[PDB]
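Trainee: Okay, here's the structure, questions in a sec.
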4 protein chains.
Amino acid sequence: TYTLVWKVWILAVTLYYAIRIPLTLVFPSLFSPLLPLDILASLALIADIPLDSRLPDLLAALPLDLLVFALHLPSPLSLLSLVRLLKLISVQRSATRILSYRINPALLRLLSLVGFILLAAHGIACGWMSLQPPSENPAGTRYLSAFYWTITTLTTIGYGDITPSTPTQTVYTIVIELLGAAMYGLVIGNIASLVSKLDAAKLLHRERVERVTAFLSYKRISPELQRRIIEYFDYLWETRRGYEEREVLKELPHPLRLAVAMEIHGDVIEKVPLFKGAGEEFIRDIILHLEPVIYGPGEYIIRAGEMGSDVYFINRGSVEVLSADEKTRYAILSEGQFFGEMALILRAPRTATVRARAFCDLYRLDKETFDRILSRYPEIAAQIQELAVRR
Amino acid sequence: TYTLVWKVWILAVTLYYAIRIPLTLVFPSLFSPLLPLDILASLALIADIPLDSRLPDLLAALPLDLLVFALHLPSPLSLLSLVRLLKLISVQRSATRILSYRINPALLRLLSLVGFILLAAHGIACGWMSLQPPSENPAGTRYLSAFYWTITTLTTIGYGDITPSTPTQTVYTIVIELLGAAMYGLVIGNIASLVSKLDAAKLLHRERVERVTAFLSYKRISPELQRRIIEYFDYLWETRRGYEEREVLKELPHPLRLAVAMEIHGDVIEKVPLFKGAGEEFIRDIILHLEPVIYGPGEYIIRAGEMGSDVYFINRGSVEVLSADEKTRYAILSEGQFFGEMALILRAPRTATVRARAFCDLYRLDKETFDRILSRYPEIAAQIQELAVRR
Amino acid sequence: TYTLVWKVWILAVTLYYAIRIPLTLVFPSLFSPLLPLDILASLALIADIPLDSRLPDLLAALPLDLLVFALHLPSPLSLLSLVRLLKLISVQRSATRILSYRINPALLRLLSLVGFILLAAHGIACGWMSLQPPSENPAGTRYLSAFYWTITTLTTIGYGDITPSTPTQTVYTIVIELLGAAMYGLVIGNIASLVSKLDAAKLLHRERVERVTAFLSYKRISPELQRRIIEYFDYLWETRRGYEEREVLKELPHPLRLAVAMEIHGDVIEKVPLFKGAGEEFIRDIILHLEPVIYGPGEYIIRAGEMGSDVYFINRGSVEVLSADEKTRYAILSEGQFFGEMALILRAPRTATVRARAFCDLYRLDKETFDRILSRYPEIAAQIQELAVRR
Amino acid sequence: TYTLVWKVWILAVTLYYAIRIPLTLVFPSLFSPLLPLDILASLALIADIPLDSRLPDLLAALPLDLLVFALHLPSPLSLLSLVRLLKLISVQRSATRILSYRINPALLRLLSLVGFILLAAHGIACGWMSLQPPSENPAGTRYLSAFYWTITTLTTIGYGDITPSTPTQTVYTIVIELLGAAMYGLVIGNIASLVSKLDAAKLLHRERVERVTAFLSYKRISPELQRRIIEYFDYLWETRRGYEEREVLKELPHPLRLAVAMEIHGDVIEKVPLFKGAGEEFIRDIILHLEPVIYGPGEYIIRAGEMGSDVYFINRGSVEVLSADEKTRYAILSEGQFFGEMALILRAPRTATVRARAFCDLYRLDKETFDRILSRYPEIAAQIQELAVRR
Ligand SMILES: Nc1ncnc2c1ncn2[C@@H]1O[C@@H]2COP(=O)(O)O[C@H]2[C@H]1O
Ligand SMILES: Nc1ncnc2c1ncn2[C@@H]1O[C@@H]2COP(=O)(O)O[C@H]2[C@H]1O
Ligand SMILES: Nc1ncnc2c1ncn2[C@@H]1O[C@@H]2COP(=O)(O)O[C@H]2[C@H]1O
Ligand SMILES: Nc1ncnc2c1ncn2[C@@H]1O[C@@H]2COP(=O)(O)O[C@H]2[C@H]1O
């Protein structure tokens, strides 16, 4: 909406204060020419406290740096201007909460970690500048040298060209080596873990298929069977992106699970002429008991002569029904067609054999659900009965 | 109690000896002015051995450093004063055991790791001081330089300004680089892992909701359904802090599980006028079979015309009961009210539809428990029967 | 087939361009003598775009470096020749997809990571060469010094002998320390994890046996029982390489599970004279319900006087059947033999005791499957009946 | 046995060759005075090839270094003496296989990793010595400087005092920084993981109790209930060391599971006068269905008036049986006693209430097992019947 433009501009003015307060604390020559662009961001902070633990909010909303820089206080009390950086925690939380609705959150956390370490490095460089003795050197060169030393120490590379001389600089260097190096290492570890977490679904698919292929290679499986299995896993990845629905649907509660199920399987519902145009109630019952199954090319979906429980609804593919000895081709079933009603409209062993002419996605309704649905709503069975006899 | 003041003072006097023994081993000018504040801590160690593997206890309780420093022994036997630092392991174990009753233990382990690495750095700096040639330099500056070198080596930064000169210093430096650097890296890794472990419950909530949202975004779920789901996960986090009770209650044994269950669900027990004032026995039976369920705003808790098993007790929220065609508003049920008895006092399909006027927390008693409770204790059913007919 | 020779030659010409473009960008003295061996690889790129997100493909297929090097453009536009390295991502994906059919993929990923970091180091060294002031030095020595500096910075070792002097070199060094060091650390972590993942099956066996042995050592198990258990785990590892079939077979769908099961247990099927030569249908039913079990030497497979459910088919080993008091040796059963039919052809308690004369692998058919198979196909029972009475 | 003295002496002579071959390759002044102690270890290698992939065995068994050092070959062919270090892999595998029978294996792997990195550091130092220009310096000082440089580079500390000068030394330094630093980091990571794995049982106990305590603290559990739960977890840790038997027993097969179960629960079997002296068969049936349960002090094991299924056998503790209103103390049951037979010898609701006077360990036989055992073997019931009536 327009809250996001406000939260982005709060982010912009707090990055402004993070970049500006240490620079002015180092060089007091500023705060004179940057004042016109200042003041307005302080009003922004003081006006963002109504426009929303809020303890950092009320502490950072205080116009404290204005008076500190105006009165030219010495360092013990000049270091108090940095109370305007406590807005960083609140703005980080707000950005994480708001911007996660559209973009991958792991990426957003990675960006937040990068920004935090960069800001900390800039602040440490500014702190290192002050402890240096006063020398007639350009400000740009001085800041470049300080930032170079800060990145060298924080990355645990330590070339050794810039080293502390005074005991004050030595204590500061010790503190930096103890804290900033460890924090940087921890943030790098979190960034590495977050990089790994970017594609957890693809990693789960890869680890499953890798375990299966390792077993198959150990068991001296024939190459004909190595294919038909690796290709099946590849098709699984392609079409379904390794998200097994059963596992992820379980987390949601039943009211929302229903909505998710109808939105997902609405494609199958609309196509099957038996499902579509039927009452909403039947479809609600059906939508949770439809089980996707994947059959490879030239694979036997149903054989002639098993007890026969399940009924299969074709979603995307084509199958063929053959005789008990695979000599009469009967009829070719296709997308939107369904087979398996005779076994249960009557009570006989499987009538014929069903083979897949190609890669096919089939929805399988279980025996228990079929018996319940044929009992509770007969209108549905009526369509089946004309279909069963004709068949 | 007062054991904690004793265990804290043992910690204080053992940190005193960890900080003091190397300093006196380096500078023998001490142990003359720090003796009055000494001696009493040695009595403390010798009096703590009755006041409690205890092998470090009995070895560190020995007044060994007194005689070593009094006789001015040379280094081969002067290094034996450090047997008073074996109390560190025992005091660390005791602190971990005792202070975990009130504070997060992960934080306590983090503090212990920080203290151990700091103490090791101080000791290594003191050891590095002795190997240096005798120079007319201030003790403070010498210790600062040694500590600076120790932190530089241990952090694998290696500026290079302070380097070994004698072969003895070279061997010491090699040993430090081999051991202290690796130990520091391992302790930093443990500290990082412990920082991550500080909020495992919030990480579990985040990983669950992230997986669900990734699935939903992949499946092209409509924004109307993206909300109602993200908000539900947010309410779940808010109210219940992502602790699913079923998972955590399982670990406890049944005797203690009962006490936990009554203390948790006592709020529901006291409110429901049917539950409260009833015999303790009924409530004990009920307290384990009450299943919390969360229904979103404007959601259908019960529909008119399913077989109807469960009975729902309202804990915090409001629901409405409507006609089969949602045209008569009947009665508005509220906090402390319960619905669903007619389906099972009689044996009919669901009488009416129940919708949620707002976000509601409902306790659901299963069909099996309801039948058992209505059989074993009839007094409870009596209240239901007047309620069922009136309804 | 011959696609692999093409994909390998695409890999060869893209490693050629990764190694060549920065070298020519540094030294413009090239591209004159390497032109004859060039041009043909550019035709290879332009001819590989029909011979197959493909956005890197179409961008890298453009003959952009030819015109850049021919017109002698200055650096702002000379840096555009590096658009021929976007083929690296596509060739990496293609190599990972194609070469995984024959070699362990973890090893292939390790090789890819090593190649990527080596190529990045070469590129960074070439970039560092350009920023140096023009000096009358040999090209080989200059490149060696630059590569030495690049490996020093990227490995976070930082000797300090080669350091930036100009502010341009300082900014480049800062960027390298920030990016390349972190990327190198992350790639090293991935390589370590991949090294660990090379033998996940052997790690799972080791962790299972380690947990069991820890429990046994805690419970003060006698050494006679420590052996018979560690040896059994060792035999398990030897023969079956710690791949429990039940766990890995579950992942595959039923059509492919059948093929895997027959190819695996075909050894048992062919040997048993009862199984072999029987109809394909019986064998299909049987092949999924045959449960491998491992019995140690001198171990009681069946005792005389339990109800008796299961029937065991000997696969590799020898067992002995003794009297109820272990005094008559009856008959010695061997490889390919089976026992346990009397208990269920009749309905009696176990007739005799079966002990293992040596380490034996037995296939156990469950009670439920045996009753079903004896009902559905009688021909099989006929062979059993002559066998049962004679026994 | 005596194989271990042989495998230890193979380890000793292969560490001898790992330490000696590079030293002689650097200084050719050796191999003259160390020859008497040599030769015998070469016979040891040539005699260990009968006394046992074995490819490293047959390659390292070849007396190759003798001829290389005797003929004074130049470096290209002098580097071939290092084929006697391929025995390291085979000896490492043999040590890991053999010494794991008595000591924690994680510790053994830690020692192996430490030895491997130390040996690699020594070898790299020896290699760095040769590339140096010939200088009139003591061998001890030269080796100390080389080892100092090797540890500095491998630990990524890089002081900078010892740096390559010739391009040959620069290439060697680059290779060392690329390989040895990464290998050292990976070995340090493995050592850290192994240190963590040393006490996995205590970590599992700690993580379980920590999760439970976090839940309890969140739910505002009263301090009376915080105790009785933390103390129960502490007693669990004390007595059973957090090894839940059910989880670890599952891994073992049934033949070995029986032996483990009888050796563990033999204490309970011998004590109960009903169990002990009974036939081995009954005890075999019982030994798997005895379920340990832990009841806290002053806790209600059985209440008067539930249906009553289970029978409890006291193992270590004391319980009291009271009236329905806790006014008559009846009899005090103790260690070795059992209660709960009346509920099932007759068919009545629980006769009286059983409370624990102290912390008690109870074995609980389930209802199904009790009915089966009372049917199959009546002799056992006979003892129960006199006991039931008297009670
Ligand atoms: N003549 C036919 N034409 C089209 N479909 C058929 C015919 N005979 C059988 N089928 C279908 O093929 C299925 C295979 O056997 P079922 O008993 O499962 O149910 C069968 C019917 O759905
Ligand atoms: N007239 C009514 N007034 C209040 N509550 C009712 C009334 N009729 C039905 N209910 C409740 O609404 C519930 C919905 O149908 P059930 O059969 O589950 O049980 C029902 C009763 O608990
Ligand atoms: N005389 C015999 N010769 C060979 N095998 C036998 C004989 N008697 C019993 N068996 C086998 O030993 C098995 C052990 O008892 P079961 O009842 O399980 O089934 C038995 C038969 O398979
Ligand atoms: N008079 C008694 N003396 C000793 N034990 C008893 C007596 N009465 C009951 N018990 C035991 O106390 C148990 C509690 O009730 P149960 O029906 O479980 O089985 C009971 C008997 O084992």
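Letters A, B, ... go to the chains of the structure tokens in the order shown; residues in each chain start at 1; ligands are counted from 1 in the same order.
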Can you list, as a PyMOL selection string, every protein, DNA or RNA residue that comes within 10 Å of residue 46 of chain A when you count only C-alpha atoms, leaving out same-chain residues fewer than 2 positions away?

Mentor: chain A and resi 40-44+48-51+57-58+60-63

Trainee: Which chains and residue numbers are within 8 Å of ligand 2, counting only C-alpha atoms and all ligand atoms, if I want them as a compact mmCIF listing (two decimals) with C-alpha atoms, in the first residue's frame?

Mentor:
# COMPACT_ATOMS: atom_id res chain seq x y z
CA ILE B 302 -19.51 -27.24 12.14
CA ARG B 303 -21.75 -27.66 9.08
CA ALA B 304 -25.34 -28.92 9.11
CA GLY B 308 -21.12 -35.29 13.81
CA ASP B 310 -16.87 -33.98 18.27
CA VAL B 311 -18.01 -31.55 20.94
CA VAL B 321 -24.98 -20.88 15.06
CA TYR B 330 -30.52 -18.61 16.42
CA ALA B 331 -28.32 -17.82 19.42
CA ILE B 332 -24.84 -16.33 19.76
CA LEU B 333 -22.45 -18.53 21.74
CA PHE B 338 -20.09 -25.23 24.42
CA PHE B 339 -21.90 -26.79 21.46
CA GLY B 340 -22.26 -30.18 19.81
CA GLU B 341 -24.14 -32.37 22.28
CA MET B 342 -27.32 -33.09 20.26
CA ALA B 343 -25.48 -34.97 17.54
CA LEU B 344 -24.52 -37.61 20.16
CA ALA B 348 -28.80 -37.37 14.15
CA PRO B 349 -26.79 -35.59 11.41
CA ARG B 350 -25.50 -32.12 12.40
CA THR B 351 -28.49 -29.93 13.38
CA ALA B 352 -27.22 -26.48 12.37
CA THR B 353 -24.17 -24.60 11.08
CA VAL B 354 -21.64 -22.95 13.39
CA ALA B 388 -29.73 -30.84 24.95
CA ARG B 390 -33.75 -26.99 25.70
CA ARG B 391 -31.55 -26.55 22.64

Trainee: Can you tell me, as a VMD selection string, what residues are no more than 12 Å from residue 253 of chain C when counting only C-alpha atoms, ignoring any on the same chain fewer than 3 positions away?

Mentor: (chain A and resid 212 228 to 229 232 to 233 236 292 to 296 299 301) or (chain C and resid 248 to 250 256 to 261)

Trainee: If we count only C-alpha atoms, which residues of chain B reach to within 6 Å of chain D? Please list them as JSON, numbers by chain.

Mentor: {"B": [156, 157, 158, 159, 160, 174]}

Trainee: As a ChimeraX atom specification, please: every residue in segment 150-307 of chain A that DSSP puts in alpha helix (DSSP H).

Mentor: /A:150-154,167-196,200-218,223-226,230-240,245-251,254-271,280-286

Trainee: Select, from A:291, A:177, A:320, A:281, the residue with the minimum atom-to-atom distance to ligand 1, counting only C-alpha atoms and all ligand atoms.

Mentor: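 Result for the nearest residue to ligand 1: A:320.
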
Trainee: Just the residues within 7 Å of segment 9-15 of chain A, please, counting only C-alpha atoms, with nothing from its chain fewer than 6 positions along; format it as a VMD selection string.

Mentor: chain A and resid 41 87 to 88 91

Trainee: Nearest residue to ligand 3 out of C:362, C:356, C:23, C:322, using only C-alpha atoms and all ligand atoms?

Mentor: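 Closest candidate: C:322.
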